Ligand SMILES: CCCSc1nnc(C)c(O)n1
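Only one chain is given next, in structure tokens, and it is the form deposited without the named molecule.
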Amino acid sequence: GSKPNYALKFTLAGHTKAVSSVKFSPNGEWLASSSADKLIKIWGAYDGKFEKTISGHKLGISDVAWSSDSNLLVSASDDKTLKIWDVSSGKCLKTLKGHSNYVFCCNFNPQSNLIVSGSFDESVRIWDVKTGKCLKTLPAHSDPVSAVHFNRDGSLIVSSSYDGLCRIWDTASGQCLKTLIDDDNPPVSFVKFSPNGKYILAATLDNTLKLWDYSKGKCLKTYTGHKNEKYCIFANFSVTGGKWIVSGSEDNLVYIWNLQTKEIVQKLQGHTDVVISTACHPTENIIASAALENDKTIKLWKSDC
């Protein structure tokens, strides 16, 4: 259909502080959640059945990411570390030390041999997953790094920052290929590549989402209507039904846009605080949405389209 009809299926509770992110396992069976409560909780994507807690970080966690094979997780913490976890045993495999301030964002490359991290120390770091050692430190930005993402073949890294810049990096050399957004500001609160790796989705703290052509360096689409002036809110490409942009908002709603028409096609109501994080299931029309400390719940939504 030409509009989704996402409806609340489950409300997942357990976190005792603000939830920071939610990500579906690539294999679709797990939802992972991180929180300011220093915990990672694993949930069944289809029944929301609480699976396990993963503990070890000494301070709050801002991001969590899956390896390609759904077996490993990596988390970014205010304790200035990342931890690589084995999901099955729930054990810390490695602790990545090097950042001199909070680690805000992380992702595996598709090969899942590397992890990219963004920090308040204004650097992007590339880590070897096998040895937990830092391979490279990029003096990426002049303010905290809000987001990092590898493209589909893992040859580029896109990073965003409160310095109002979005930069793309050559993984192998760590040299800057392009400075996509060269504004004094507003703060770039989030960036990721599109699934084909042609486009960058970029959020700015003037309630604006923009789809960029990486090669051309030009803004293709603008999405508006939501509120985003304070928080680094994740945005997603929904690709299992109709082609949507998904994002949280500071008005406690999940916003869904038609990618092409830039039209608002649904607003999800239920959260009682800022929706900080959203995730689109890899195979089913299901959304995970996560909220800050007044709510602390994860909501699973299902659509027919």
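Residues that one form lacks are left out of the comparison. In this text, residue numbers run from 1 along the sequence as written. We call the rigid core the largest set of C-alpha positions that still match within 1.5 Å between the two forms.
What comes next is about the form solved in complex with the named molecule, which is not displayed.
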With the partner left out of view, is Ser194 within 4.5 angstroms of the named molecule in the entry with it bound by any non-hydrogen atom? yes
Using heavy atoms and a 4.5 Å limit, would one call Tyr46 a contact residue for the named molecule in the entry with it bound?
yes
- Message: If we define contact as a non-hydrogen atom of the residue within 4.5 angstroms of the partner, is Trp30 a contact of the named molecule in the entry with it bound?
- Response: no
| query | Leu259: heavy atom within 4.5 Å of the named molecule in the entry with it bound? | reply | yes
The listed residue (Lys58, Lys52, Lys267, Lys243) that reaches within 4.5 Å of the named molecule in the entry with it bound by any heavy atom is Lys243
Given 195-203, 82-90, 175-183, 109-117, the stretch touching the named molecule in the entry with it bound at heavy atoms within 4.5 Å is 195-203
Contacts from 207-241 to the named molecule in the entry with it bound (any heavy atom within 4.5 Å), listed N to C, are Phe237, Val239
Across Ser88, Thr222, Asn185, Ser100, the single C-alpha shifting 2 angstroms or more between the shown form and the other one with the core held fixed is at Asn185
Checking the C-alpha spacing of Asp182 and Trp169, a student should find that in the entry with it bound it changes by 3 angstroms or more, with the atoms farther
The CA atoms of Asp184 and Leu138 move 3 Å or more in the entry with it bound, ending up farther
In sequence order, the rigid core aligned, runs of at least 3 residues with C-alpha shifts of 2 Å or more between the shown form and the other one are 181-185
